[PDB]
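Visitor: Please read through the structure below; I'll follow up with questions.
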Amino acid sequence: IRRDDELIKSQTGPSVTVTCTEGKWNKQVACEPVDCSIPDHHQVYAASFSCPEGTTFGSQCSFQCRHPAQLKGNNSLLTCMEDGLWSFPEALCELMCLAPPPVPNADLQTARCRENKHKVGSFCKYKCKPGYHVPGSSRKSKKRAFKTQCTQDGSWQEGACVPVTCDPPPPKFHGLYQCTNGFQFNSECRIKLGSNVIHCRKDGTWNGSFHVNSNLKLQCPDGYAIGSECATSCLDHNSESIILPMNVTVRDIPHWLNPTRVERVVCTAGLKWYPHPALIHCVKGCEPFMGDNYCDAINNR
Amino acid sequence: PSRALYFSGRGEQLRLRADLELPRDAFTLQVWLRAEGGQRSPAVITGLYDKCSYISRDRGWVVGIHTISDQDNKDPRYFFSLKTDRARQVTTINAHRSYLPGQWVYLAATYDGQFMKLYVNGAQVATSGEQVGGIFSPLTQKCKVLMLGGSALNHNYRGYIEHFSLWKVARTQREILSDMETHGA
Amino acid sequence: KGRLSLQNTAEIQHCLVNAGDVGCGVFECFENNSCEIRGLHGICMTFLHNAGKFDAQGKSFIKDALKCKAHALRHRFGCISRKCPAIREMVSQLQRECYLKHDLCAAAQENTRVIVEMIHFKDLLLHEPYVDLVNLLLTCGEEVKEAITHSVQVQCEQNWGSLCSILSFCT
């Protein structure tokens, strides 16, 4: 209603009264069609809406599901009804996750996980093979099973069994060690009677051990002999020594890096070069300000 | 004789089995209840909830007790909330007086397709006409569930429920008064 | 103006029980009161503003002193007579027994130049906790007393020329 000349107004309802006054009608009325809202959500979940006509009365809109989602129903159209709202969808995009990708070094305990039809919220129990484990555990505790589920996108959660990393060799013959596979599975370590071959098995057990600075200060009792732990410390108690063998200085460390702790230099065979005093650097160490409900910008690392 | 359920605040709530079809076009809820003194703020009595959806889980209809002033929780009244799948805004219906914590109340809620009305003890209290059409599509008939005495978010109810009655059609005020005077027989 | 009834105790009590004891939120709540006990919030802000000039021992002393003062202000404010001399007495007593038990003299002997050159002559005169901190601090070391009297004489040459010209020498 666009009123032009009027004195009083009366709520007639769905209709209205138009009065002729001095050669012109008092009101300008216009029966505009109802405007349904643009379909974004709340009608069909996880689908694309593309109306070929519009969002007015009598217009019909087309929705199509995502590639993971399936579609069941004879009609796939939404009608903007007389009520100003879209009608009920006769076809729903049922969300069904597809077949999972083959995770390496894993056993599918659930027989239904090898199929292709899977609903959202299915649980597959994957068992890690011997010599492999799910990441998250150390070499002491062994966990070899995990669960994977279908997400709301339509894809499975990621999970793989990493190889079990073998135990480190003792530092008596370390540095000159030459493993065939390194830290991977089935690593045979032998330096250039006893145990000439070391078998890193599926459980990661060691069958046999090997058989025959200006800033940083160390005070060993034996000196140049072997078998003694040396007290390695910096000149000041405020600084902490760390091992950075990959050409990293004191000021070159980023905030996300996790340097290893200082290891006491045990003398190996020959010269003790595997821990090197020039390689160990004294950097700005931590201070007892932990758990004090205060953020420290210096120790924000 | 006549027996009633006592719903506590500890989490005691029931669930209707799926063998009965939920109403779609029109419905009428008739419940004899005895509310206790201090309820929670969003506390419900009987609701029709959605369990297979994640975009909007606040569909369906829900009858309960809630405060009209959310910032102060001063006076709690009976309320009837309805949000159909076609609609976009949930509109609530309140009562006209604070509920009596020691008297039996015959609460009735009607929805026909155009108007929803709330009868407290046989008298029509409020009527809203914003919810139109059916409440859900018949394709998702099995997904909707009916909960009694609580919700999925632990909206517990404290009180007595005496005679549950849910109809598949909308009934006028004379039928409401007749069902009041005939009790459950 | 002799009673703390002009400002409601309920709102400042809600402010005290709502905020945390780690930051200066308690001193932010307590600074607006009927009695003129204004100055604790300034000490809390200035101690946490020049904290980078201190060492690890000084920063640990700052953290422990602010934690003890916040816990004491949340603790012994329960049952106390509502009058300004009693409030002044309990504030001065908690400040004194908090600064004496955390070795203020050790932090003074660590780095005194920051602790005597960052003070301000303006608002020192009208704030009683500032006078309490000054008259407690100078009893630690004679060099700290000499430095703070030198700062007071510099501030006399900056602001008020009365006591510089009158009795510059004592006897």
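Just remember, in the structure tokens the first chain shown is A, the second B, etc., residues are 1-based per chain, and ligands are 1-based in the order shown.
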Pick out the residues sitting within 9 Å of residue 90 (chain B), and hand them over as a PyMOL selection string; count only C-alpha atoms, and ignore anything fewer than 6 positions along from it in its own chain.

Guide: chain B and resi 58-59+81-84+130-131

Visitor: Can I get the selection written as a CSV table (one decimal), in the first residue's frame, with N, CA, C and O atoms?

Guide:
```csv
chain,number,residue,atom,x,y,z
B,58,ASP,N,17.5,-27.5,16.9
B,58,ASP,CA,16.4,-26.9,17.7
B,58,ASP,C,15.1,-26.8,16.9
B,58,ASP,O,14.3,-25.9,17.0
B,59,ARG,N,14.8,-27.9,16.1
B,59,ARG,CA,13.6,-28.0,15.4
B,59,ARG,C,12.5,-28.6,16.3
B,59,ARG,O,12.8,-28.9,17.5
B,81,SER,N,7.2,-23.8,22.7
B,81,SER,CA,8.0,-23.4,21.6
B,81,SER,C,7.9,-24.3,20.4
B,81,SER,O,7.8,-25.5,20.6
B,82,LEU,N,7.9,-23.7,19.2
B,82,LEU,CA,7.7,-24.5,18.0
B,82,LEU,C,8.5,-23.9,16.9
B,82,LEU,O,8.6,-22.7,16.7
B,83,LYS,N,9.2,-24.8,16.2
B,83,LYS,CA,10.1,-24.4,15.0
B,83,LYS,C,10.0,-25.5,14.0
B,83,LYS,O,10.6,-26.6,14.1
B,84,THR,N,9.2,-25.3,12.9
B,84,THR,CA,9.1,-26.2,11.8
B,84,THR,C,10.3,-26.2,11.0
B,84,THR,O,11.2,-25.3,11.0
B,130,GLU,N,2.5,-17.6,13.6
B,130,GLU,CA,3.7,-17.5,12.8
B,130,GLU,C,4.1,-18.8,12.2
B,130,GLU,O,4.7,-18.9,11.1
B,131,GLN,N,3.9,-19.9,12.9
B,131,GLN,CA,4.3,-21.2,12.4
B,131,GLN,C,3.2,-21.8,11.5
B,131,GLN,O,2.1,-21.9,11.9
```

Visitor: Give as a VMD selection string every residue of chain A that touches chain C within 12 Å, counting only C-alpha atoms.

Guide: chain A and resid 238 286 to 298

Visitor: Residues of chain B within 10 Å of chain A, counting only C-alpha atoms - could you list those as a ChimeraX atom specification?

Guide: /B:53-56,85-88,131-140

Visitor: Please produce a file of the residues just selected, as a compact mmCIF listing (two decimals), in the first residue's frame, where the atoms kept are C-alpha atoms.

Guide:
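Result file is again22.txt:
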```
# COMPACT_ATOMS: atom_id res chain seq x y z
CA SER B 53 20.88 -33.39 12.20
CA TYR B 54 23.80 -31.14 13.13
CA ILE B 55 23.19 -27.81 11.34
CA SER B 56 20.09 -26.98 13.43
CA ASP B 85 11.62 -27.28 9.20
CA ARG B 86 10.22 -24.82 6.65
CA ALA B 87 10.38 -21.89 9.08
CA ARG B 88 13.43 -19.83 10.01
CA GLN B 131 4.32 -21.24 12.44
CA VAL B 132 2.68 -22.53 9.25
CA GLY B 133 2.52 -25.91 7.55
CA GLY B 134 3.67 -29.22 8.93
CA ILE B 135 6.44 -29.61 11.46
CA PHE B 136 8.66 -32.05 9.53
CA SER B 137 8.82 -33.88 6.23
CA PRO B 138 7.55 -37.50 6.18
CA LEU B 139 10.94 -38.60 4.80
CA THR B 140 12.57 -37.89 8.19
```

Visitor: I'd like the neighbourhood of region 168-174 of chain B as a list in words, where a residue qualifies if any of its atoms comes within 7 Å (using only C-alpha atoms), though same-chain residues fewer than 4 positions away should be ignored.

Guide: residues 23, 26, 27, 28, 110, 111, 112 and 178 of chain B

Visitor: Give me, as an MDAnalysis selection string, all polymer residues having an atom no more than 12 Å from region 269-284 of chain A, counting only C-alpha atoms and skipping those fewer than 6 positions away in the same chain.

Guide: chainID A and resid 170:177 191 210:218 223:228 230 232:253 259:263 298:299 301

Visitor: Selected residues, C-alpha atoms, written as a short mmCIF file (atom, residue, chain, number, x, y, z; two decimals), in the first residue's frame, please.

Guide:
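Result went into out.cif, see below:
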```cif
data_model
loop_
_atom_site.label_atom_id
_atom_site.label_comp_id
_atom_site.auth_asym_id
_atom_site.auth_seq_id
_atom_site.Cartn_x
_atom_site.Cartn_y
_atom_site.Cartn_z
CA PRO A 170 75.71 -47.29 23.60
CA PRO A 171 78.22 -44.41 23.34
CA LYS A 172 81.26 -46.71 23.65
CA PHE A 173 81.25 -47.41 19.89
CA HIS A 174 78.82 -44.68 18.80
CA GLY A 175 79.92 -42.17 16.19
CA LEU A 176 81.87 -44.83 14.31
CA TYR A 177 78.81 -47.10 14.03
CA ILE A 191 81.45 -50.99 13.35
CA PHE A 210 78.68 -53.61 21.06
CA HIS A 211 81.83 -55.53 21.98
CA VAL A 212 85.50 -54.62 21.59
CA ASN A 213 85.65 -25.31 25.74
CA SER A 214 86.00 -21.66 26.79
CA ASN A 215 82.34 -21.52 27.87
CA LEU A 216 81.65 -25.20 28.63
CA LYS A 217 83.71 -26.79 31.41
CA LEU A 218 83.91 -30.48 32.31
CA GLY A 223 90.44 -37.51 32.51
CA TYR A 224 91.19 -39.00 29.10
CA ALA A 225 90.23 -42.54 30.15
CA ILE A 226 86.84 -44.08 29.44
CA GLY A 227 84.01 -45.03 31.77
CA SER A 228 83.66 -41.73 33.65
CA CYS A 230 82.02 -35.73 33.38
CA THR A 232 79.57 -30.61 32.08
CA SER A 233 78.43 -27.11 33.01
CA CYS A 234 78.59 -23.52 31.81
CA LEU A 235 80.61 -20.79 33.53
CA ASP A 236 77.41 -19.08 34.75
CA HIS A 237 74.43 -20.83 36.33
CA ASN A 238 72.02 -18.63 34.35
CA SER A 239 73.10 -20.20 31.04
CA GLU A 240 72.30 -23.73 29.87
CA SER A 241 74.48 -25.86 27.61
CA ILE A 242 72.82 -27.56 24.63
CA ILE A 243 74.07 -29.75 21.79
CA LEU A 244 73.56 -28.17 18.35
CA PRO A 245 75.60 -30.25 15.89
CA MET A 246 73.73 -29.03 12.79
CA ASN A 247 75.56 -25.66 12.59
CA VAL A 248 73.22 -23.78 14.96
CA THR A 249 74.64 -21.02 17.16
CA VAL A 250 73.26 -19.41 20.32
CA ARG A 251 71.14 -16.81 18.51
CA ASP A 252 70.14 -19.00 15.54
CA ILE A 253 67.51 -21.08 17.36
CA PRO A 259 67.02 -28.70 21.24
CA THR A 260 68.23 -31.77 23.09
CA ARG A 261 69.56 -31.67 26.63
CA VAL A 262 73.28 -31.66 27.38
CA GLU A 263 74.68 -35.19 27.57
CA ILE A 298 62.05 -14.32 27.38
CA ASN A 299 60.96 -17.90 28.14
CA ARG A 301 59.81 -20.76 23.59
#
```

Visitor: Excluding same-chain residues fewer than 3 positions from residue 74 (chain C), what lies within 10 Å of it counting only C-alpha atoms, as a ChimeraX atom specification?

Guide: /C:13,16-17,20-21,26,68-71,77-78

Visitor: Which residues are near region 126-132 of chain C? Cut-off 9 Å, only C-alpha atoms, ignore same chain within fewer than 2 positions. Put them as a list in words.

Guide: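 Residues near the query, excluding close chain neighbours: residues 36, 37, 38, 39, 40, 43, 88, 91, 92, 95, 96, 122, 123, 124, 134, 135, 136 and 137 of chain C.
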
Visitor: Per DSSP on the backbone, filter region 37-134 of chain A down to the residues in strand (DSSP E) and report them as a ChimeraX atom specification.

Guide: /A:47-50,60-65,77-79,96-97,106-108,118-119,123-128,132-133

Visitor: Go ahead and dump the residues you just picked, C-alpha atoms, as a short mmCIF file (atom, residue, chain, number, x, y, z; two decimals), in the first residue's frame.

Guide:
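And here is the file that came out, again31.cif:
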```cif
data_model
loop_
_atom_site.label_atom_id
_atom_site.label_comp_id
_atom_site.auth_asym_id
_atom_site.auth_seq_id
_atom_site.Cartn_x
_atom_site.Cartn_y
_atom_site.Cartn_z
CA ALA A 47 24.14 -29.48 -1.12
CA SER A 48 24.47 -26.74 -3.73
CA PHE A 49 21.40 -24.66 -4.61
CA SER A 50 21.06 -23.02 -8.04
CA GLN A 60 11.27 -23.81 -8.34
CA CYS A 61 14.90 -24.26 -7.31
CA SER A 62 17.32 -27.09 -8.05
CA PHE A 63 19.66 -28.59 -5.45
CA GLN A 64 22.43 -31.10 -6.11
CA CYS A 65 24.43 -33.09 -3.52
CA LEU A 77 13.26 -29.69 -6.69
CA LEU A 78 12.23 -27.19 -4.01
CA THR A 79 9.03 -25.19 -4.49
CA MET A 96 27.85 -41.82 3.21
CA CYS A 97 31.63 -42.05 3.41
CA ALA A 106 48.15 -52.16 8.87
CA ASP A 107 45.67 -55.00 9.33
CA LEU A 108 41.94 -54.41 8.88
CA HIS A 118 29.89 -46.89 4.98
CA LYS A 119 27.75 -44.54 7.05
CA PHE A 123 34.49 -47.23 13.49
CA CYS A 124 37.27 -49.26 11.88
CA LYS A 125 39.81 -50.92 14.18
CA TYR A 126 43.20 -51.05 12.45
CA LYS A 127 45.91 -53.21 14.01
CA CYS A 128 49.55 -52.29 13.50
CA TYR A 132 55.20 -51.13 13.40
CA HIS A 133 53.19 -49.07 15.88
#
```

Visitor: What's the 7 Å shell around residue 45 (chain B), counting only C-alpha atoms, without same-chain residues fewer than 2 positions away, as a PyMOL selection string?

Guide: chain B and resi 47+63-64+148-150+157

Visitor: From a backbone DSSP assignment, name each residue in region 7-66 of chain C labelled alpha helix (DSSP H), as a ChimeraX atom specification.

Guide: /C:9-18,25-30,40-47,56-66

Visitor: For the residues selected in the previous step, produce a file with N, CA and C atoms as an mmCIF file, in the first residue's frame.

Guide:
```
data_model
loop_
_atom_site.group_PDB
_atom_site.id
_atom_site.type_symbol
_atom_site.label_atom_id
_atom_site.label_comp_id
_atom_site.auth_asym_id
_atom_site.auth_seq_id
_atom_site.Cartn_x
_atom_site.Cartn_y
_atom_site.Cartn_z
ATOM 1 N N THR C 9 30.194 -1.108 49.841
ATOM 2 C CA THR C 9 31.210 -2.170 50.055
ATOM 3 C C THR C 9 30.816 -3.397 49.227
ATOM 4 N N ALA C 10 29.546 -3.491 48.819
ATOM 5 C CA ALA C 10 29.077 -4.654 48.071
ATOM 6 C C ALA C 10 29.691 -4.717 46.678
ATOM 7 N N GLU C 11 29.755 -3.579 45.978
ATOM 8 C CA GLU C 11 30.298 -3.580 44.622
ATOM 9 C C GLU C 11 31.808 -3.797 44.622
ATOM 10 N N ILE C 12 32.522 -3.209 45.585
ATOM 11 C CA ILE C 12 33.963 -3.428 45.651
ATOM 12 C C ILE C 12 34.270 -4.841 46.149
ATOM 13 N N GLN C 13 33.382 -5.428 46.959
ATOM 14 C CA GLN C 13 33.548 -6.820 47.368
ATOM 15 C C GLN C 13 33.320 -7.770 46.197
ATOM 16 N N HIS C 14 32.318 -7.477 45.361
ATOM 17 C CA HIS C 14 32.089 -8.263 44.151
ATOM 18 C C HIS C 14 33.247 -8.120 43.170
ATOM 19 N N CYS C 15 33.819 -6.915 43.081
ATOM 20 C CA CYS C 15 34.994 -6.690 42.244
ATOM 21 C C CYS C 15 36.197 -7.474 42.756
ATOM 22 N N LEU C 16 36.368 -7.540 44.080
ATOM 23 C CA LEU C 16 37.481 -8.289 44.657
ATOM 24 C C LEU C 16 37.315 -9.791 44.454
ATOM 25 N N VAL C 17 36.101 -10.315 44.649
ATOM 26 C CA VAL C 17 35.902 -11.756 44.493
ATOM 27 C C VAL C 17 35.766 -12.185 43.042
ATOM 28 N N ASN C 18 35.566 -11.248 42.114
ATOM 29 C CA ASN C 18 35.445 -11.618 40.710
ATOM 30 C C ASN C 18 36.794 -11.651 39.999
ATOM 31 N N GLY C 25 44.319 -6.509 39.102
ATOM 32 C CA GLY C 25 42.873 -6.359 39.107
ATOM 33 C C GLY C 25 42.314 -6.020 40.476
ATOM 34 N N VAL C 26 42.903 -6.591 41.531
ATOM 35 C CA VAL C 26 42.479 -6.283 42.895
ATOM 36 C C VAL C 26 42.797 -4.832 43.239
ATOM 37 N N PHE C 27 43.973 -4.356 42.829
ATOM 38 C CA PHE C 27 44.313 -2.954 43.041
ATOM 39 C C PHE C 27 43.537 -2.041 42.100
ATOM 40 N N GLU C 28 43.077 -2.566 40.961
ATOM 41 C CA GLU C 28 42.165 -1.807 40.112
ATOM 42 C C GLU C 28 40.803 -1.650 40.778
ATOM 43 N N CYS C 29 40.356 -2.677 41.504
ATOM 44 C CA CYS C 29 39.076 -2.586 42.199
ATOM 45 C C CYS C 29 39.172 -1.702 43.438
ATOM 46 N N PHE C 30 40.283 -1.789 44.170
ATOM 47 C CA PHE C 30 40.382 -1.132 45.469
ATOM 48 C C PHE C 30 40.716 0.353 45.370
ATOM 49 N N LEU C 40 48.028 2.369 45.689
ATOM 50 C CA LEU C 40 48.430 0.969 45.565
ATOM 51 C C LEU C 40 48.382 0.505 44.114
ATOM 52 N N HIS C 41 47.386 0.976 43.361
ATOM 53 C CA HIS C 41 47.281 0.639 41.945
ATOM 54 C C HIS C 41 48.437 1.228 41.148
ATOM 55 N N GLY C 42 48.883 2.432 41.517
ATOM 56 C CA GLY C 42 50.046 3.017 40.870
ATOM 57 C C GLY C 42 51.321 2.242 41.138
ATOM 58 N N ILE C 43 51.481 1.738 42.366
ATOM 59 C CA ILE C 43 52.627 0.894 42.702
ATOM 60 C C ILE C 43 52.576 -0.418 41.926
ATOM 61 N N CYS C 44 51.385 -1.022 41.821
ATOM 62 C CA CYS C 44 51.235 -2.270 41.074
ATOM 63 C C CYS C 44 51.515 -2.074 39.589
ATOM 64 N N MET C 45 51.098 -0.937 39.030
ATOM 65 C CA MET C 45 51.333 -0.697 37.611
ATOM 66 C C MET C 45 52.789 -0.339 37.330
ATOM 67 N N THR C 46 53.404 0.496 38.177
ATOM 68 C CA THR C 46 54.780 0.918 37.926
ATOM 69 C C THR C 46 55.783 -0.186 38.230
ATOM 70 N N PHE C 47 55.473 -1.074 39.178
ATOM 71 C CA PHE C 47 56.352 -2.211 39.425
ATOM 72 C C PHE C 47 56.304 -3.213 38.279
ATOM 73 N N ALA C 56 66.684 -11.486 37.825
ATOM 74 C CA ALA C 56 65.784 -12.596 38.124
ATOM 75 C C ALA C 56 65.372 -12.601 39.591
ATOM 76 N N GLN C 57 66.308 -12.275 40.490
ATOM 77 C CA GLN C 57 65.984 -12.155 41.910
ATOM 78 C C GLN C 57 65.012 -11.010 42.160
ATOM 79 N N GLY C 58 65.231 -9.871 41.497
ATOM 80 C CA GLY C 58 64.322 -8.745 41.643
ATOM 81 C C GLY C 58 62.944 -9.015 41.070
ATOM 82 N N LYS C 59 62.880 -9.698 39.923
ATOM 83 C CA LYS C 59 61.586 -10.025 39.328
ATOM 84 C C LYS C 59 60.838 -11.063 40.161
ATOM 85 N N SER C 60 61.565 -12.025 40.739
ATOM 86 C CA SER C 60 60.948 -12.983 41.652
ATOM 87 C C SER C 60 60.433 -12.293 42.910
ATOM 88 N N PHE C 61 61.182 -11.305 43.413
ATOM 89 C CA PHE C 61 60.716 -10.506 44.543
ATOM 90 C C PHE C 61 59.464 -9.713 44.189
ATOM 91 N N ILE C 62 59.409 -9.166 42.970
ATOM 92 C CA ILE C 62 58.238 -8.414 42.520
ATOM 93 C C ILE C 62 57.013 -9.319 42.437
ATOM 94 N N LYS C 63 57.184 -10.518 41.865
ATOM 95 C CA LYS C 63 56.081 -11.473 41.760
ATOM 96 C C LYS C 63 55.595 -11.925 43.134
ATOM 97 N N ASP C 64 56.526 -12.230 44.045
ATOM 98 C CA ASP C 64 56.144 -12.688 45.377
ATOM 99 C C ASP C 64 55.497 -11.575 46.193
ATOM 100 N N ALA C 65 55.988 -10.338 46.055
ATOM 101 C CA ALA C 65 55.412 -9.218 46.790
ATOM 102 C C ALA C 65 54.017 -8.873 46.285
ATOM 103 N N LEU C 66 53.809 -8.888 44.967
ATOM 104 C CA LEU C 66 52.470 -8.606 44.466
ATOM 105 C C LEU C 66 51.501 -9.742 44.774
#
```

Visitor: Just to confirm, what's the straight-line distance from CA of residue 90 (chain C) to CA of residue 103 (chain C) in Å (one decimal)?

Guide: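 Taking CA of residue 90 (chain C) as the start and CA of residue 103 (chain C) as the end point, the length is 20.6 Å.
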
Visitor: I'd like the interatomic distance between CA of residue 72 (chain C) and CA of residue 113 (chain C), to a tenth of an Å.

Guide: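 Separation between CA of residue 72 (chain C) and CA of residue 113 (chain C): 28.9 Å.
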